[PDB]
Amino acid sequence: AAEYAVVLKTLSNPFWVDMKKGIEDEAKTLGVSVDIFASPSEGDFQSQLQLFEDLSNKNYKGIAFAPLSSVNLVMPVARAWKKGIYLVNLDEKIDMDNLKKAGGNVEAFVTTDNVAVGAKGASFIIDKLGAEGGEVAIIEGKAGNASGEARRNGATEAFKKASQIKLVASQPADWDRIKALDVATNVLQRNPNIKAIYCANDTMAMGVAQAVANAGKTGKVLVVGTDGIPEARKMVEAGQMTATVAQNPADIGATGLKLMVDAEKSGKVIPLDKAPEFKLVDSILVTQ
């Protein structure tokens, strides 16, 4: 019988391995079979494109995919739609303008709300500080980055609703660990009583952790990252970072599979002029 396929960005790290495991568990629950793939050449747009082309010419009734880029899978996804394959976009949004021009569509898009991610980091801080609140800072990504501005907005709006919080600094460190160490050093020098710092990514958070240690404030300042990369997860366990907000890869994969399977049951792929289904899967707070 026709099966399902999933194309992931890679299979070489715990995030994507956990997505694979989420998919496998949900397939058992739904009683469907799934084959999970990643491109042979890591990070290579063309390698992933060739993989997806080939998979579209097998016997899969649906394919879910996490594209390496908005740009790389437009044409074979359009062809797969024309063939009646049920398609679900995971994680990184395909270039939907170009996909429409190419004569295709997808059933659904499944990702995480970056506004909520920033709110979750700020909410951790708010809850931990309690009624007495205090001075806090945000270490931003590069200005104009969609994901980074969403995280900054969400954290800022969450802090604003908490009367007891004073946002004393919000400054970019451009996704860079060395810059984050420098910015955080400057921020802590100016406001030595800061009680917490939210950073828009873990690369920057690790730099901030060093800044806090250099000031003698490890265990006295809450340091919160975003992504849950392995090095930052170790810092959380060690007390060098306090928490990090991550996506829930297992839930992204399970949700994507269920949407694919539900669509397939309808007997016809989504019309070209219909907006795909849209799911923003809840993020998770990592504190151990």
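Throughout, we count residues from 1 along the sequence that is shown.
Engineer: Determine, for stretches 197-205 and 213-221, which one has the higher mean CA B-factor as deposited.
Structural biologist: Comparing 197-205 with 213-221, the higher average CA B-factor belongs to 213-221.
Engineer: Give the stretch, out of 85-93 and 138-146, with the larger mean C-alpha temperature factor in the deposited entry.
Structural biologist: Result of the comparison: 138-146.
Engineer: I'd like to know which of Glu107, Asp174, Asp113, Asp182 has the highest C-alpha temperature factor in the PDB entry.
Structural biologist: Out of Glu107, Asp174, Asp113, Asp182, the record gives the largest C-alpha B-factor to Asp174.
Engineer: Per the entry's Cα B factor values, which of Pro230, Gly62, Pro249, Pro67 stands out as the maximum?
Structural biologist: Largest recorded C-alpha B-factor: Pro230.
Engineer: If you rank the chain by CA B-factor, which third does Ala263 end up in: lowest, middle or highest?
Structural biologist: CA B-factor rank for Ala263: middle third.
Engineer: Taking the entry's C-alpha B-factors for this chain, is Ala162 in the lowest, middle or highest third?
Structural biologist: Its C-alpha B-factor, which the entry lists for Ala162, ranks in the highest third among residues of this chain.
Engineer: Lowest, middle or highest third of the chain for the C-alpha temperature factor of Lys120?
Structural biologist: For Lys120, whose C-alpha B-factor we compare with every modelled residue in the chain, the answer is the lowest third.
Engineer: Splitting the chain's C-alpha B-factors into thirds, which one does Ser33 fall into?
Structural biologist: According to the entry, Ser33 has a C-alpha B-factor in the chain's highest third.
Engineer: Ranking every modelled residue in this chain by its Cα temperature factor as given in the entry, which third contains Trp16?
Structural biologist: Middle third by C-alpha B-factor.
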